[PDB]
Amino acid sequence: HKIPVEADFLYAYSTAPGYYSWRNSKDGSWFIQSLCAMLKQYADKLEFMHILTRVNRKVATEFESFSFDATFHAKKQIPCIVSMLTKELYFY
């Protein structure tokens, strides 16, 4: 009969609520870098959610900040998938 007006949205945030998002001056942001890698490798095999979960692992495990400034040094980041989707999504 009807669907919520807020249905069928996906919000792929680069970072958890409340938090900085990290960008590297030569390779781009941690999130966009990891998202594009994952898409290139998996968009023909994996559903979107599962691509994004691999994005979460990559940002979480492969990146750590480096800064001459102690307060910004050795910091981590976890992206935040926010799904109001009602179906699975395959670019395949």
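Each residue number is its position in the shown sequence, starting from 1.
For the two regions 38-46 and 51-59, the entry's Cα B-factors average higher over 38-46. In the deposited entry, the Cα temperature factor of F9 sits in the middle third of values across the chain's modelled residues.
The PDB entry assigns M84 a C-alpha temperature factor belonging to the lowest third of its chain's modelled residues. Placement of the Cα temperature factor of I78 within the chain: lowest third of the modelled residues, per the deposited record. In the PDB entry, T15 places in the lowest third of its chain by CA B-factor.
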